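J.: Sharing a structure here in structure tokens format.
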Amino acid sequence: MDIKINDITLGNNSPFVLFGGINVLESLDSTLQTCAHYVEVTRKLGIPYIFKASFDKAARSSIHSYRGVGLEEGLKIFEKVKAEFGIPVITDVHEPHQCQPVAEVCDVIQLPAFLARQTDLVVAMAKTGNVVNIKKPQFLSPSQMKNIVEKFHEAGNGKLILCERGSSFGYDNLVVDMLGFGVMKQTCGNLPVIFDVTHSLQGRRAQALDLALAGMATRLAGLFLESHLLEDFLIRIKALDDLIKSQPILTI
Amino acid sequence: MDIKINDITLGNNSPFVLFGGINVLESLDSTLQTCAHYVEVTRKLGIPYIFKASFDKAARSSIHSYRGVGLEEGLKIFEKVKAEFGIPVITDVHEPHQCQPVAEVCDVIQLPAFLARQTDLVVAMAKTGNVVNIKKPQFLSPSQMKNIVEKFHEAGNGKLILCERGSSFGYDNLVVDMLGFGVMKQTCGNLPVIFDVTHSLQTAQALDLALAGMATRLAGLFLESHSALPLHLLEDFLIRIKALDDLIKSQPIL
Amino acid sequence: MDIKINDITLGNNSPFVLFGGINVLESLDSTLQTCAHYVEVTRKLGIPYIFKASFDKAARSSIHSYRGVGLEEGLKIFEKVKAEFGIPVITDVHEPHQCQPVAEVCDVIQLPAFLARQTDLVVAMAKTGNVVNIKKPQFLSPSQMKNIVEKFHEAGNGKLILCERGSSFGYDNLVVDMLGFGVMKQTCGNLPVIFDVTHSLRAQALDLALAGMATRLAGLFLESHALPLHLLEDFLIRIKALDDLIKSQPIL
Amino acid sequence: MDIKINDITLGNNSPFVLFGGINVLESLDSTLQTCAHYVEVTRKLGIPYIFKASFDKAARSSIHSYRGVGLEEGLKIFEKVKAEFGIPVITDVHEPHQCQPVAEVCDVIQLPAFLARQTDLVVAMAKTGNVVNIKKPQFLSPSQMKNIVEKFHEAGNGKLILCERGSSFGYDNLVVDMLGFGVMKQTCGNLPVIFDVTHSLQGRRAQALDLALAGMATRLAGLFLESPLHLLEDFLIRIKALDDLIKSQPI
Ligand SMILES: [Cl-]
Ligand SMILES: [Cl-]
Ligand SMILES: [Cl-]
Ligand SMILES: [Cl-]
Ligand SMILES: [Cl-]
Ligand SMILES: [Cl-]
Ligand SMILES: [Cl-]
Ligand SMILES: [Cl-]
Ligand code: NA
């Protein structure tokens, strides 16, 4: 199943889409600066790109860490990003009441992994009718994603993306099960699957490259960063993605 | 560090406290009946007791699934339970706005395992001044529990209970690391540690697992009856737990 | 099912048996001194006791670290222990050819966890007719112990002990699943189950040992030097207390 | 570090080598039959090839279940495979005494995962001077492979291949950590690393392909698999395409 996001086609048989940006929105000026670099690099390689940032982060490293500029200024910033660069945007929501106003502006709404089972948030997100990025909890099995998808379906929204982030492996460590992408595709109606390589990883650029390449080898709709260094990285991902997507899936 | 809950002393070197009850509040009469059995059984056994139930099941598998009586009905039932039996109660909270109203009624307020990183919920809970039960997420190591505790301390609340409920072990399975209890005591300033045997079993062995955990010298046991233990077996179950706890607590700390 | 080992009754409903001693047999005089201390303490507390050591460490830190005194000298040392103290002894074997000579001297012969699936060693051990201690591999689930047991049963030996040593938990780490004891009892005909706390890993050793013994076990398996040898008495007083309590109550 | 196995160059920046064949040797004819197909497919695709088989299944579930032809007959079959096809071969050894005789015939000798810490077997294998395939145990961290490599070096053999076969993931399940490949390369002096996709698993054809592709994306010396037929062709075409791309990019 493909998802149209403005002029972008997001799907597991389509050229991969890059999701990336900044952690939290501070100001228009800071935002445009970072977004501009992503846009320049991706445009240079012809890679579809969706800008990501949080406007109000509930899961913070410390209590008093800045949550972001908040809903009102945040959405004004996103509106400006969309107008200036002509790209779609993505943000996370954690309050059911925030889903509707966010969806007026943000093309994709993101369900944080820790809230992925919370019924009221899922329903509120579904009812926006927007594209939804479902972050996979690290303690959830790939075949358990079907139940989250079912809850969205119950609430009337099937425009869903599944976002791999790694799985709990003993204490602290995360491991990405390369077989889980296929299990999600098979059990969830071939919805677009994307790979959040950054979470999955907790030199370090070398690790990220190997892990990103391995994931994208399994034929995926997109790559998601919690992030010319970036250009060199994307050249390698694009090379592999173009190879993979240019071949038909195994014959039956 | 001990915590006083009304006349109960909760602590890792005190007699174990039963945090016992049901999955969800369903009606006043059913709640009062179940709670009366718990009170009757624990009183005769001499085990300090705190009644547990959720007012809402916020994360069921269908949006249409029954979620319980809800917050307003729920708090009315807790008020009646407290009035009738004179015991403390515990419930979980799911949204920051729920914390103060729930905390007005419920002695202990609980942070769901799925919501450990909901920093705004942590803050709202801490601000109530109530005793807090922190459910250790299945994805968090025992050494990392200190990070949640730190946040509550930064938010000005030190009346924290640490509750084991198992650790992720491959897909769709949990294991309880018996060493984790000691790690949490060591690294979180010897705050009360309790064991949720009921949610640790998520995938008959409840007694063996319960006894194993309590052998490591814990402030409390957390369990549900109706998976959960048949209510009529509670008395015989608790006889065994009490026998072992009394023994362990009688031995000098090594 | 109980197992008689000389005058000792080993079983999940009997007073726990201590399987204790040392890693590797390095000497004669030091072995006797260490054993003498285990004997004194266990006799003082009235705990059945079986002396343990390896004469040939097959899995060593380095190629050239001492494997131990070897078969012939090892068995001589075991004979001296038996003669001096009148206690049974346990040692491990690694090659089918070692099974007969070892079993003629040693009251229990042990199957190393790493070798527990090796058919030729299993058959050779079984055919001795000796009591056997089966170390559970860390990569093996409790419900699969019955398969090792059935291989022994096929080769004609039912005098089997099941020994817990923890399960792989992410990388370079072990966790002991307290539920595994019950699984083994239920699926393997209530054969004696014992707990190797040493190789499952210190108030740690104490917490872990007590937790395990709380589940009603035939024995506890440990090494000293590993616990400090002089703290043995305090340790066993605590274990005996819990075991005496648990074993004095009928199963529920 | 590359390893020469006859005219084959095995290394992490060389074209991937297929280590392919069957679970166990049953008979000469079927062995030659299966080997012929791998040779035919690999030759026409241009992929270096080493034929794999066990002479003994030392750890089956019943004492009576079938274990293969055994060492004496086993080695006879390998001798004939090398004669007919002129390819190198690989087999696993289970006892120290088997090492020198097996090594006389078999180009690569393999240290089973379960036995990888058996110090006498490590020494015996090292003493043959043969190329050695070290199967990483499912319980062992990738950073711990250097300890096994260190032993072979102290025993005087550095012709070592490191072979991924999955890591224990709860009970009765395996996961392959794609970051382990890089850790092994960085900590073990860039010795050839290969990927046993077959034993890492445990329709399923898509699964094996996806997993093989993911592993080979990390830039590996080889792929270790067992066999259908039509699927072998279909499988290797895709693996080669990916490997050719990856190996053409600068590190
Ligand atoms: Cl998560
Ligand atoms: Cl994100
Ligand atoms: Cl609960
Ligand atoms: Cl959890
Ligand atoms: Cl041992
Ligand atoms: Cl093991
Ligand atoms: Cl193999
Ligand atoms: Cl293994
Ligand atoms: Na004997």
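Residue numbers (this note's numbering), protein chains in the order written: chain B, 1 to 252; chain V, 1001 to 1254; chain L, 2001 to 2252; chain A, 3001 to 3251.
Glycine is no exception: its CB is placed at the ideal position from the N, C-alpha and C atoms.
#1: Anything in chain B within Cβ reach of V3041(A), meaning under 8 Å, just list it in chain order.
#2: Taking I2063(L) as the query, report the chain A residues whose CB atoms sit under 8 Å from its CB, ordered along the chain.
#3: The alpha helix (DSSP H) that contains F1078(V), what's its start and end?
#4: With C-beta atoms as the reference, is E226(B) less than 8 Å away from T198(B)?
#5: What residues does ligand 8 have around it, judged by CB closer than 5 Å to any heavy atom, in chain order?
#6: Within 10 Å of its beta-carbon, does residue 2255(L) have 16 or more other beta-carbons around it, so buried, or fewer, so exposed?
#7: Considering just the uninterrupted stretch of the alpha helix (DSSP H) at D172(B), what are its terminal residues?
#8: Please report how far the alpha carbon of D196(B) lies from the alpha carbon of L209(B), in whole angstroms.
#9: Output needed for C2188(L): all residues of its chain with C-beta closer than 7 Å, excluding positions within five of it in sequence on either side, in chain order.
#10: Hey, out of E1072(V), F1152(V), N1133(V), whose CA is closest to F1055(V)'s CA?
#11: Is any beta-carbon of chain A found at less than 8 Å from that of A221(B)?
#12: To the nearest whole angstrom, what separates the beta carbons of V1132(V) and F1152(V), a pair I think is in contact under 8 Å?
#13: Under DSSP, the alpha helix (DSSP H) around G3180(A) begins and ends at which residues?
#14: What is the DSSP secondary structure of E1224(V), reduced to helix, strand or coil?
#15: Whose C-alpha, out of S1030(V), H1037(V), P1142(V), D1107(V), is nearest the C-alpha of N1006(V)?
#16: For chain V, check one thing: does any of its Cβ atoms lie closer than 8 Å to the Cβ of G3170(A)?
#17: Is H228(B) near ligand 3, in the sense that its beta carbon is under 7 Å from a heavy atom of that ligand?
#18: Tell me whether the region 2121-2130 of chain L and the region 2096-2107 of chain L touch, counting them as touching only if at least three CB pairs, one residue from each stretch, are closer than 8 Å.
#19: Measure the CB-CB distance between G2020(L) and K2052(L) and report whether it falls below 8 Å.
#20: Note down the Cα distance separating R3067(A) from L3025(A), rounded to an integer number of angstroms.
#21: By the criterion of Cβ-Cβ separation under 7 Å, what are the contact partners of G3182(A) in chain B?
#22: How would you write the range of the alpha helix (DSSP H) that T1198(V) sits in, first residue to last?
#23: Would you report the Cα separation of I2008(L) and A2209(L), rounded to the nearest angstrom?
#24: Do you know how far the Cα of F2085(L) is from the Cα of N2130(L)?
#25: Between the alpha carbons of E3079(A) and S2062(L), how many angstroms are there, rounded?
#26: Rounded to whole angstroms, what is the Cα-Cα separation between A221(B) and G215(B)?
#27: Between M2178(L) and chain C, is there a C-beta pair that is closer than 8 Å?
#28: Whose Cβ in chain L lies nearer than 9 Å to the Cβ of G1213(V)?
#29: For the alpha helix (DSSP H) that contains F233(B), what are its first and last residues?
#30: Span of the alpha helix (DSSP H) holding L121(B)?
#31: Say whether chain A places a C-beta atom closer than 8 Å to the C-beta of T198(B).
#32: According to DSSP, which residues form a beta bridge with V1193(V)?
#33: Under a three-way DSSP split, which group does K2057(L) fall into?
#34: Tell me whether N3023(A) is buried or exposed, calling it buried when 16 or more other Cβ atoms sit within 10 Å of its Cβ.
#35: If we ignore side chains and look at the alpha-carbon of each, how far apart do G1166(V) and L3174(A) end up?
#36: Report the option in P2192(L), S2200(L), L2231(L), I2239(L) whose CA atom is closest to the CA atom of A2214(L).
T.: The structure says:
#1: Ordered by position in chain B, no residue passes the 8 Å Cβ test against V3041(A), which lies about 16 Å from the chain.
#2: Counting only Cβ-Cβ distances below 8 Å, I2063(L) has contacts in chain A at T3119, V3122, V3123, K3151, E3154, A3155, in chain order.
#3: 1071-1085
#4: yes
#5: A3113(A), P3137(A), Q3138(A)
#6: Absent from the structure is residue 2255(L), since the part of chain L shown begins at 2001 and ends at 2252.
#7: Counting along the chain, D172(B) falls outside any alpha helix (DSSP H), and DSSP gives it neither H nor E.
#8: 12 Å
#9: Cβ within range, chain order: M2145, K2146, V2149, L2162.
#10: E1072(V)
#11: By this cut-off, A221(B) is not an interface position.
#12: Right, their Cβ atoms sit about 7 Å apart.
#13: 3179-3187
#14: strand
#15: The option with the nearest alpha carbon to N1006(V) is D1107(V).
#16: yes
#17: no
#18: yes
#19: Yes, they are a contact pair.
#20: 9 Å
#21: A206, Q207, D210
#22: 1197-1200
#23: 21 Å
#24: 21 Å
#25: 35 Å
#26: 11 Å
#27: Absence of chain C from the displayed structure is noted, the protein chains being B, V, L and A.
#28: In chain order, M2178, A2211, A2214 make up the part of chain L whose C-beta sits under 9 Å from the C-beta of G1213(V).
#29: 229-245
#30: First-last of the alpha helix (DSSP H) with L121(B): 119-127.
#31: no
#32: Under DSSP, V1193(V) shares a beta bridge with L1162(V).
#33: coil
#34: exposed
#35: 21 Å
#36: Of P2192(L), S2200(L), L2231(L), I2239(L), the residue nearest in Cα terms is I2239(L).
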